[PDB]
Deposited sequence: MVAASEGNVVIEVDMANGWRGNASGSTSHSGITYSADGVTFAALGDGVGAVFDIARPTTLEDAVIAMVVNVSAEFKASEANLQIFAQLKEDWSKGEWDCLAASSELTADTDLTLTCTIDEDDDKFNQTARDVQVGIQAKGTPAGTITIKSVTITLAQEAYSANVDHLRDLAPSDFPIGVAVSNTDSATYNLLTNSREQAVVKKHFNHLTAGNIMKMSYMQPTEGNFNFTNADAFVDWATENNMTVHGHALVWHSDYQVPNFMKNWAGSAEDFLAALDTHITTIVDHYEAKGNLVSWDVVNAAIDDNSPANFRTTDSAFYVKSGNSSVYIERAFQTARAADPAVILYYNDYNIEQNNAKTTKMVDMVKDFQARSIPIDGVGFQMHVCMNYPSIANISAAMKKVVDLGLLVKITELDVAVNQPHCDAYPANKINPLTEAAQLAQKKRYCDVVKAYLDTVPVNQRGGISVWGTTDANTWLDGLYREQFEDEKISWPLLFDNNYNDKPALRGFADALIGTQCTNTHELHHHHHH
């Protein structure tokens, strides 16, 4: 709460000496400190949840007030219940001179400031034998749950990994290796990791024949130290920000381009085989378009264009990855293929073609970037079953569940902001439904794992993707842990599914 400094302020006398009101300017709110108990205040409407809230004021006091040796008391009290309040803050003349920052934590014995009955009067007053003036420049007021899950990974009903995507050197704030809160949540709940960006193409090979393994190797070493396996992401992907410059600008033949693509794959696969912890790769990521009917991408993919207007690079990537390490599990990975419409159909036809022509492929990764109420559990189940029936592994690679999403629930007509308890419980049921559909649809020996695309809501990729539609607000809140790394009901819902407990949006 940033308190308005231009409206809503009042003089106050909490003692016998009368006050002389308040004065507005460009510097803030000013009053004369006429006697003991004389101050300035504003109101907060009922109901209030103000226990453990922190009041911070920037103030500025006159020479005469300094000379008076008077103290300053930040306080709050209930209107019509005047005797009840927070009276234990005091800034003594000692500490005063400049704009100072004075704070007051609202901390009461009986929880009196979590209440429904009265409005709340908040302010600052002089104590002692005061004189001169006080100026307040600004006021800010900084206002748990447990899922009771000890280790999420330990609840899987068969042997499949429970995994998470982490940030690395691509984020100063959220880098797994420098952020001890990220390390803690990961070590507590997961046994499987994906790098969010640093194993993508231009990160691994920024120029032709100069590979850069240093940062990704430190990530793999930390996974090994902590008894976790690594899913490699990704050997081939069209997204412009991570295509190596020399590939974007290829000026030679189609056969020479495909040979350079082979070198990229063989070098990276051989290196991570020898490092000793790399169990599966997304070999080709998101190569099908978003049209209906669906086709492989054309002009928006450097790989289609530089291969000579051909999708042959897809099968070649799989053949090359297999030759480099025959033991590593090979996935095709994509979004929207869980919807059971045009894109699902194109993916299934591609797998059938590959099986007919002896092109190696071990599984399909369903990224599973879903909305709260779309697509349906029936459609998600039917789409995964199409892959199960071809004898392949099914892996959920990038699960998140958006509370607001511009393509769902007629956004923004029903926008949820701020986040509510009802929305958190809806998210609990939704994570339960999706994980249960996976277990119900995919036989034990075809379960490639379930991973979520991030740790805390404070760093989800969705808020950046939809920044324009969201008006720069962080409103997708799509993951298992909140902005302070505490549990959300979402985590209880994931756990309920693993243990076979009914999926609900209740407590």
Query raised in the report: So which bits of the deposited chain never got modelled?
Result: 1 to 10, 108 to 109, 156 to 158, 523 to 530
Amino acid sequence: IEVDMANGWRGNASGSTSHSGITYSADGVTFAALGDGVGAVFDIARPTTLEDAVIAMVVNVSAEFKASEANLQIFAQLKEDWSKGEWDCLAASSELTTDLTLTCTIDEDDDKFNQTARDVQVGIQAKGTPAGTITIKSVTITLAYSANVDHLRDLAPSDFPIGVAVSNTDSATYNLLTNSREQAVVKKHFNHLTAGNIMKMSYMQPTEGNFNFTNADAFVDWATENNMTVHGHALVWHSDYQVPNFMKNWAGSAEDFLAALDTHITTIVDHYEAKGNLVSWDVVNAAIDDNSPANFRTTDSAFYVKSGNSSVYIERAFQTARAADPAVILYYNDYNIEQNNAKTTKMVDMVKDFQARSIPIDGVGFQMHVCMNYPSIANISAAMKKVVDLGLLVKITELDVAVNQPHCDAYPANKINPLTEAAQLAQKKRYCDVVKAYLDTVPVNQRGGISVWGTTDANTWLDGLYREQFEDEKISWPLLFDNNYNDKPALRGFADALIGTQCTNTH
From here on, numbers count along this sequence of modelled residues.
Report summary line: For 30 to 38 versus 54 to 62, entry-based mean Cα B-factors point to 54 to 62
Report task. Pick between 212 to 220 and 82 to 90: the one whose mean CA B-factor in the entry is higher. Result -> 82 to 90
Report task. Identify, among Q424, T97, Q339, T229, the residue whose C-alpha carries the highest B-factor in the deposited PDB entry. Result -> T97
Report task. Pick out which of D433, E108, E182, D289 has the highest C-alpha B-factor in the PDB entry. Result -> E108
Query raised in the report: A131's Cα B-factor: lowest, middle or highest third of the chain?
Result: highest
Report task. Select lowest, middle or highest to describe the third in which the CA B-factor of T263 falls within its chain in this entry. Result -> middle
Query - Third of the chain, ranked by Cα B-factor, where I416 sits - result: lowest
Query raised in the report: Mind checking which third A13 falls in for C-alpha B-factor across the chain?
Result: middle
**Report entry** Ranked C-alpha temperature factor of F190 among modelled chain residues, by third
**Finding:** lowest
